[PDB]
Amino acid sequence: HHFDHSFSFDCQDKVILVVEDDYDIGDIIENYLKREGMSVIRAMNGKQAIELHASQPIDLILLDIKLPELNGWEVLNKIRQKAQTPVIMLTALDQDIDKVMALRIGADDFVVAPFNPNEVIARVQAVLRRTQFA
């Protein structure tokens, strides 16, 4: 190739808050993120997610749209009062896509389950790149 169109984005030490009540999906995501050198903080419900976000620098949040007692946009609304941290919504239902697209306080992206975990990594990298200097 005579031209340089490709590269490897450096994610080392980026801190990802993974908010997911499903243990196995959360574990899969965590394992894939760590393979890229990212640091992972786990939250299994929204009140925990809000407290962990408030007490620590976070580069990106992967946020379940449906938690046991809060909807994802309720968590995002509270997080946004503390910081402009990028958020990718984890969805599953086509109705979830409608909700995300219509948010007044929007997410940076979404991903639709079931997913190849490599898709999640790609979307995390894309949002981290767009918000590198935000």
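The first residue of the shown sequence is 1; numbering continues from there.
As stated in the PDB record, which stretch has the larger average Cα B-factor, 5 to 13 or 114 to 122?
Mean B over CA atoms: larger for 5 to 13.
Looking at the deposited entry, does 70 to 78 or 51 to 59 carry the larger mean Cα B-factor?
Higher of the two, by average CA B-factor, is 51 to 59.
Taking the Cα B-factors listed in the entry, which of 109, 36, 30, 96 comes out highest?
Answer for 109, 36, 30, 96: 36, with the highest C-alpha B-factor.
Report the option among 103, 44, 88, 83 whose CA atom has the maximum B-factor in the deposited record.
Across 103, 44, 88, 83, the entry lists the biggest C-alpha B-factor for 83.
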